[PDB]
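First, one chain by itself: the form deposited in one PDB entry, in structure tokens.
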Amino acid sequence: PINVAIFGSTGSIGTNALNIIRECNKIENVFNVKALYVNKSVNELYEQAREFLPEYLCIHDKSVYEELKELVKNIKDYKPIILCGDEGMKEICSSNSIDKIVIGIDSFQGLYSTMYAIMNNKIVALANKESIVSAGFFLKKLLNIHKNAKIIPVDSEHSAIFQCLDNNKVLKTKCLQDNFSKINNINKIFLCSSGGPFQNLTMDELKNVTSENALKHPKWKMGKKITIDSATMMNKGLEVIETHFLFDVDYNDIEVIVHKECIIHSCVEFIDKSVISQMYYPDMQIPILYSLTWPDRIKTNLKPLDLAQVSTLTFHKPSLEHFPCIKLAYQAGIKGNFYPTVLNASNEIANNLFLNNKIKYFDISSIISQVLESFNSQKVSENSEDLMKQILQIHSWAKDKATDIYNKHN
């Protein structure tokens, strides 16, 4: 039995996790959902509790906690431990009946839970890549202290890369640890991208694309923020840095490749030059599922890949002139220090402005470029708590700087 907690259980990743768990458990009873944690959606948590009957329930919003207790009374033969706020989150993390925790919470709250999962030596199925991009240093330090803690990637390209590895080697190291590449004989990564909706556009057409254009025909079902990032290819830029940190691959050895059919999810080139790749329909259930079964696999009733029907797969290089966010990402990542934090934070702002029709496509990369240019390297704290504060402070500064640039721009 695999004992799993889901943090952010009503979000996109959390609901998809519960769905694949539900379907796999119908084939063979494999998963015990031990804990559910949601922010404010008390009715939804009740509905999930009702079905999965976890040992622990936690609602963050303290205002709705009594309500939740009332609701859950109505579930027969069920007496969970019902908690609330950060304190309930920490109690769940410390439970020895939980082996794996899905982090389906974004933003800072997600980093805080991640930290507690790591501090409790858990397997952390991490779907918030922004924490890896912005706080990579902090997570690396934390994983060095907590030896048995492991981050398993859920972002599809990174899951794919992870799935292309030999677990006989993987088990001698772990993600976000120096030497992961050496131990796994990794030479190079092909990081695949859908390319978004603008691949064939000229620079003059790109100048006038709108967020309505950007949210059209996404190849995956996803939130607005990531969909804008897909259109600018900043999503892939961020994913380049995620790759560097998870797998200890040099920036030079990470190649972004536009694969519009979204069947090959990424590929790993090993030192002999043999390449291995992972393929499936664009469906988040596979990467989520693997993060819960690794190092095993279990039976599903997902539709099998029909290669003959797919028929054709295509690959081309992205143009850095048309997708300058990609260049900025490499530049920030290579510079290192806290430039990735700055890149991520300034993009948060620039992305939202474009989403809301306040700036134009090349304004996004312009703003980000300017914030990056304004930032001066800071000495990296050795102290873990000081380091975390540095990251938050720089993140906050970068958001304000991005906003100030927008505000001062006519």
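The numbering used is simple: start at 1 and walk along the sequence shown. By rigid core we mean the largest C-alpha set that fits within 1.5 Å across both forms.
Absent from the display: the form deposited in another entry. The rest refers to it.
Chemist: With the two forms aligned on their rigid core, point out which item of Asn179, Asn252, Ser107, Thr314 shifts its C-alpha by 2 Å or more between the shown form and the other one.
Modeler: Spelled out, the residue whose C-alpha shifts by 2 Å or more is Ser107.
Chemist: Align on the rigid core first; then say whether the Cα of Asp61 has moved by at least 2 Å between the shown form and the other one.
Modeler: Yes, because once the rigid core is superposed, the C-alpha of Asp61 moves 2 Å or more between the shown form and the other one.
Chemist: For a quick test of reading the superposition: does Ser365 move by 2 Å or more at the CA between the shown form and the other one, rigid core aligned?
Modeler: After core superposition, the C-alpha of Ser365 moves less than 2 Å between the shown form and the other one.
Chemist: Superpose the two forms on their rigid core, then report whether the C-alpha of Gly336 is displaced by 2 angstroms or more between the shown form and the other one.
Modeler: No, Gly336 moves less than 2 Å.
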